[PDB]
Amino acid sequence: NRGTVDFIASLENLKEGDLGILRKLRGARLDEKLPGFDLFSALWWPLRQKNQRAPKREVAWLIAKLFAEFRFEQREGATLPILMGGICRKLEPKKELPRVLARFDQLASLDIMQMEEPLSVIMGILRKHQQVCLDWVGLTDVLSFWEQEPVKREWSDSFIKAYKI
Amino acid sequence: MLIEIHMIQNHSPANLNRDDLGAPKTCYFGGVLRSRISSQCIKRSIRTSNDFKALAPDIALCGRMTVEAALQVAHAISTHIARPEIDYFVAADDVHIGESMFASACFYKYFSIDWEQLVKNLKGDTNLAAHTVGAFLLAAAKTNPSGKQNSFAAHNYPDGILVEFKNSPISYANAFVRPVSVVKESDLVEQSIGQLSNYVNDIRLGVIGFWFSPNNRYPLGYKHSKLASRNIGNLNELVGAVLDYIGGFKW
Amino acid sequence: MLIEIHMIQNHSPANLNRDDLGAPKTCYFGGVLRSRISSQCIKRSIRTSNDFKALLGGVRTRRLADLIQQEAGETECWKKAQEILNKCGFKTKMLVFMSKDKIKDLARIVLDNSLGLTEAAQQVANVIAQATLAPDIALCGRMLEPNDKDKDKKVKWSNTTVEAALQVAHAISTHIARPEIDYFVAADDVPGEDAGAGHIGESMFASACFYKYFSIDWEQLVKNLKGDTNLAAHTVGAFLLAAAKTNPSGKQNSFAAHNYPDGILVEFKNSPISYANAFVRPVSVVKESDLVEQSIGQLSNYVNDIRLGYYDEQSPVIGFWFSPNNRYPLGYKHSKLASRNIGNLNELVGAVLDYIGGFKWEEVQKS
Amino acid sequence: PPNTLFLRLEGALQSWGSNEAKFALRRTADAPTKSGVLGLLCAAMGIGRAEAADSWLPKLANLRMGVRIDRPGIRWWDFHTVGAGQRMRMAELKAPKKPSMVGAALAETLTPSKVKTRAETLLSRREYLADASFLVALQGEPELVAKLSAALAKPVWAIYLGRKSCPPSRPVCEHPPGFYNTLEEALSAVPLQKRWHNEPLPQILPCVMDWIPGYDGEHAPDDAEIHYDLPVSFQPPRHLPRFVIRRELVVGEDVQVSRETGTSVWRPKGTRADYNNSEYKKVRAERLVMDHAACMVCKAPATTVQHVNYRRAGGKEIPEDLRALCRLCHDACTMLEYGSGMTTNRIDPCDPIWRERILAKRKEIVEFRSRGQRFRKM
RNA sequence: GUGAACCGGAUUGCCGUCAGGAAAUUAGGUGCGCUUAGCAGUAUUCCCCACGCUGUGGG
Ligand SMILES: [Mg+2]
């Protein structure tokens, strides 16, 4: 969907200083710090003007902070339930696999304002296994409509399909 | 004429009616399993109750042994998918794990009353029939089955009532063919009432009615539509309006 | 009349009630997952509390032979006790719930007598049936069913049913459930080769804000305890105090969740009404306010809607709202829903006793 | 003039009892029975049980009957109990001294105290069809068809689906009468209706018909069955056998499919107004004109518009949910609603209860905002 | 007014007592933001009304 592609492109065009500014704002809200608010407004407001179906402020802020921390390369078809699920085929089934699965499954009982730390640990698990690509646009689209059952069903089904291979 | 009553009621986790195996009663609708409360439980729940005790009445409404009762009660059905649950319990000794079944659901209830049959059963009396209709409405509004209530104190009240005077009997179960899926910006009762509203928004396009919600908590129609002739926030005022339309009697 | 008690209580991360697998109990409400505390757990915690020991006059056990034996210095009364109970119909052993003094004295005198086994069993059955004088028995009821397959055909049983006077609902969370897992590793004091990578354990815990509902019928409570009345008032007061200041004893040695309720509402009605539907929509925390304040606000909104809805001028209802030192008002903006807002628990108990009748708590603490 | 009339039988639950129910086990048939349909018509017209047997049931018996199974339900069972907490009536009576008197003579001496009751609980299991739909076509004289349709338009008594706890889900007189030569054409005339856009649809619809005798004689074929559902009386019940055949119709060539013609999912209303719609710019310019281009807090020149409420979005926008504001006040209001969950009702600058907050936020901006960061847009 | 009408699967129950994820890690190596300009010595100052063939008064 147009509106998210340009948002991710603008995020990928940032330089070291803006990435550090967003990095130092992790775990914080949009209103308390002014430089982060100004940077987010400059990056986001024209997109909301031009496109009505642009991502909401909370999801965009969360995605910006996550991208600033992790800095993955955008690639279509590399969504989270595939890389996580292809990784889960190399762990010990008895002990490590349930521990990873519980952390992956905990996301279904949290709202968009509490999905920073679990996503952080999931992306750290990804980074520990030499992963350099991720689908940011797809992740944003899923996170926008996280309160719908078919979205979660498709998420889990994709995870299972990737895992059973 | 026929008076039709539609009720939407949400219940807390409880077990108000179970089968021989102890599990809550169920049914099949819309390609899924739904919770069910039997008709002969709602009847004998409204009947034989202390509140309802307010030409012998209570027989004209519900007959006994060719009495030709004038009250029709349907089977309560759920607006979503059934979600049975198991509770594991043990017994202490103060000096063996057992399991029990329970469920929570939102129910749609349908009642019908034939005015002419009620009048004929009362031997021409017309004020007594109106009093009986009002008493039945009050009793049905404030009564629940006496199941495992000592362990599940489920005494919730209905969140929406609709009274209609259609020419032919018809139920609005077809408004719940698609099970209700809860979204963040709404709740279950609101979505059920919206689904009901988008079944009388149609039909008329392709009669009158009175809508009642507690203090206008849930208004019929998610717009400024006139799908309801009158919206009333008090049960007694709803009874009075129905009494007036029946032919102008005072409650 | 009917006494209705509603409570809002927030608990620290703990595990009070757990299932067979060792996880906190859960349920489905409003289409979403909520934490659950079972009703029997709350009833047992209240029954065996320090504020109720003055009225704990009933025992529920299957080892009645040991109790009968303990009512004897040196006489051997164990095998005969088991034989008599077997002829009674308690042949796994059946749980028996009844008063302590009656079973002790009467079983000791009847069992030790030199009489026939059938007659002794009949007298024991009659004594067991007629021993229904205890506040806990009146509150929780009783249902005894002798086994007709392996009981003496000569004996005959009487009525053994006591209708309950208390209704307790399962506690449910006002928000969505957030189960959590903690990993533990046991250490060894003496150094050595040690184990391998280590045996990591799993303990499940959760934190939630619960809504609690209790209903008490005064007429049935009086009828259960016979024409006595002061004992009923003492039982009501002790039950209120115990429910206010008692928690289940789960993993309390590692999760000391000894929190107290933040809001109590006591109403006097003629028919039971539950305010659970105030939390069909889960409570979401925003940057302003906290969980308890939002829960109390939603409860107040639902109470106002119910009061302005089903209302009859021929039977008005009244109640008292209690918050510690008046820190969480019900009508936050303008509504005076409650009549006699009270900032002290003992004052609330006194007001409840006064409305029930001409009762002083000091006077009724003698039955 | 029309010679056939149509009935639609649809509901959440329905039952049509069979001849294999003589005890507490009450089973149901796969298709609606002729006796049940005739009883429904009699109830709609308003004839009692003792009057239907006299020149009203023989007239309706001559009609030809055919049922088309649109969708079949699932067989479900219900556990029923009778008389718990009460006493049930027994049929035991004292034997008479002589066999001279019995029946009506002995019934005149019956007293309320002569009956005998026993405390017990009767158990039973009853069968229902869940989510089933049927179409019935009755063919015969045109005057009778017109009378039946007129009676079905407004029923005298309440009509159900075999059991009183089964109210209809669709009107019984949905399809108007027509003229057809054979039952097959009449059953193929009525289309087949869907309930939502994506649902399984039967490829072949079974049909159960009466067997026409044809010419005189013509013994019944080898696939004909015997159904004991020809009504002769209703009090006491009395049924007669009849011959019944089964056929099929394949959809897409003789039975058509109708569209959804409705909306199933409710969903909330529409927020997220558009900032590029011409109507929004028009109403924003009008609102700026009304406010004399003055901010509503600091009375500075105004350049932006704040939405007080979000009742309407895009299509309709009255110039009464908007307020004129400058850059600093608009930014403060934006940062004062980031995580409050206001949804519909937003901050109204005219309300004094917000003033002390708003100015405070403004101060922060004047202390920390860098003009070199808004410039050089990153 | 239909194998139909009249029609409760009801009563009783704590899953309580046991536990350190711990030992060791520099994110370092290179980089001009630079070329430029009176808030003033004028030749129409955006609109309106009244008196004259420029002077008053309002925005
Ligand atoms: Mg301003």
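Side-chain atoms are counted along with the backbone in the values below, which use heavy atoms only and exclude waters and symmetry mates. Just so we're on the same page: letters track the sequence lines, and every chain starts at 1.
Below 30°, between 30° and 60°, or above 60°: for D/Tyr128 and B/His75 the angle between ring planes is above 60°, a perpendicular geometry.
At a threshold of 4.0 angstrom between heavy atoms, the contacts of D/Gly83 are confined to the sugar-phosphate backbone, with no base atom among them.
For B/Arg47, whose side chain is taken as the heavy atoms from C-beta onward, the closest listed nucleotide among E/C6, E/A4, E/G8 is E/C6. The side chain of C/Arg60 approaches E/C14 more closely than any other nucleotide in the set E/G8, E/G9, E/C14. Taking only side-chain atoms of C/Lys251, from C-beta outward, the nucleotide of E/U17, E/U12, E/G9 with the closest atom is E/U17. Taking only side-chain atoms of C/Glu145, from C-beta outward, the nucleotide of E/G9, E/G1, E/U12 with the closest atom is E/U12.
Phosphate contact (OP1/OP2 of E/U2, side-chain N/O of D/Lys34, threshold under 4.0 Å): absent. At E/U12, none of the side-chain N or O atoms of C/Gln40 fall inside 4.0 Å of OP1 or OP2 (strictly under the cut-off). For the pair D/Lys164 and E/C7, the criterion of a side-chain N or O lying under 4.0 Å from OP1 or OP2 is not met. Phosphate contact (OP1/OP2 of E/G8, side-chain N/O of B/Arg18, threshold under 4.0 Å): absent.
From the dihedral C1'-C2'-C3'-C4', which is negative here, one reads the pucker of E/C39 as south, toward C2'-endo. The torsion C1'-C2'-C3'-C4' is the criterion here, and for E/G8 it is positive, giving a north pucker. A positive value of the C1'-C2'-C3'-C4' torsion places the sugar of E/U17 in the north (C3'-endo) family. For E/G55, the torsion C1'-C2'-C3'-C4' is above zero, which places the sugar in the north, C3'-endo range. Judged by the sign of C1'-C2'-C3'-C4', E/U36 carries a south-puckered sugar.
Ion pair D/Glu120/D/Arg118 flagged as a salt bridge, since at least one NZ, NE, NH1 or NH2 atom sits closer than 4.0 Å to an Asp/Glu carboxylate oxygen. Ion pairing between B/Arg47 and B/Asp58 fails under the 4.0 Å rule for side-chain N and carboxylate O. Classification of A/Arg23 and A/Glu69 as a salt-bridged pair holds, one side-chain N sitting under 4.0 Å from a carboxylate O.
Looking only at atom types and distance, the side chain of C/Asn159 has a donor-acceptor partner in the side chain of C/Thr161 under 3.5 Å away.
Glycosidic conformation of E/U11: anti, with the torsion beyond 90° of 0. Classified by its glycosidic torsion, E/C14 falls in the syn category, the angle being within 90° of 0. Taking syn as a glycosidic angle within 90° of 0, E/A10 qualifies as syn. For E/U30, the base is anti relative to its sugar; the glycosidic angle deviates from 0 by more than 90°. With its glycosidic angle within 90° of 0, E/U42 is assigned syn.
Neighbours E/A37 and E/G38 do not stack on each other, since their six-membered rings do not meet both centres under 5.5 Å apart and planes tilted under 30°.
Between E/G41 and E/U54, the distance separating the two P atoms is 24 Å to the nearest Å. For the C1' atoms, the distance from E/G57 to E/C49 is 8 Å, rounded to whole Å. Comparing the P positions of E/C32 and E/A40 gives an interatomic distance of 39 Å, to the nearest angstrom.
Here E/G16 presents its P atom at 14 Å from CZ of B/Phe89, a figure rounded to the nearest Å.
Taking NZ from C/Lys25 and CD1 from C/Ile37, the interatomic distance works out to 10.5 Å, rounded to the nearest 0.5 Å.
Side-chain to base pairing of D/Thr81 with E/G8: one donor and one acceptor N or O lie within less than 3.5 Å of each other.
Comparing D/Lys22 and D/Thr121 by the nucleotide of RNA chain E that holds the closest heavy atom to each, the one mapping nearer the 5' end is D/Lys22. Nearest-nucleotide mapping onto RNA chain E: of C/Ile42 and C/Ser254, the residue sitting toward the 5' end is C/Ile42.
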